[PDB]
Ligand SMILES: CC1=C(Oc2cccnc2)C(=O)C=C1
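The chain that follows stands alone, in the form solved without the ligand, written as structure tokens.
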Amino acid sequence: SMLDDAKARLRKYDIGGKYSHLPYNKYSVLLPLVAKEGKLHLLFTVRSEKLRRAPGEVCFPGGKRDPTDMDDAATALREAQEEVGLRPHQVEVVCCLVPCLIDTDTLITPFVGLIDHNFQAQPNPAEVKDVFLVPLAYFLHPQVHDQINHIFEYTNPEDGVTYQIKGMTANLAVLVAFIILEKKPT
């Protein structure tokens, strides 16, 4: 099946806990995969303009590890619940992808999660201004704008609204699309 095929592909890239004990300032993100209309999509947030890190930017759900978290996956899940209402029974964490090093002292660990078909986002306005889906296949043929560095523009066909996706977020989206969609029969 589509979903069993996705998980099987993702598991080949799982690094597990190999980099998780190193002495960094630690953040996690959740890359949430949603199946709609026979195709895979990624779920993105627009961050509230009020926040410390990355105000008004497109990002994946996530945040800083706290002492309550059992591990790095727990950080991702706690933050996704606070931002968009995703509950534990509504997500299966499939793997941990390569971490992202920034600012000399910070390590961001990305987890890929399969999202239940009855989940409906409830944006928390203190953290998130918007929540939106993008088909995973978009990231194979994106609409690129040079700002010099590369930005993606995605227009939602439901309503005509355009979103800009860039930086670590754009990079991780391309990675997941390559892992799941490369070399597939039609």
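Numbering starts at 1 and follows the sequence shown.
Note that the form solved in complex with the ligand isn't included here; everything after this is about it.
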> Would residue 120 count as a contact of the ligand in the entry with it bound, using a 4.5 angstroms cut-off between non-hydrogen atoms?
Replying inline: yes
>> Can you tell me whether residue 115 touches the ligand? I mean in the entry with it bound, with a 4.5 angstroms heavy atom cut-off.
In response: yes
>> Just checking whether residue 34 would be counted as a contact of the ligand in the entry with it bound - the rule being heavy atoms within 4.5 angstroms.
In response: yes
> For residue 133, is any heavy atom within 4.5 Å of the ligand in the entry with it bound, or not?
Replying inline: yes
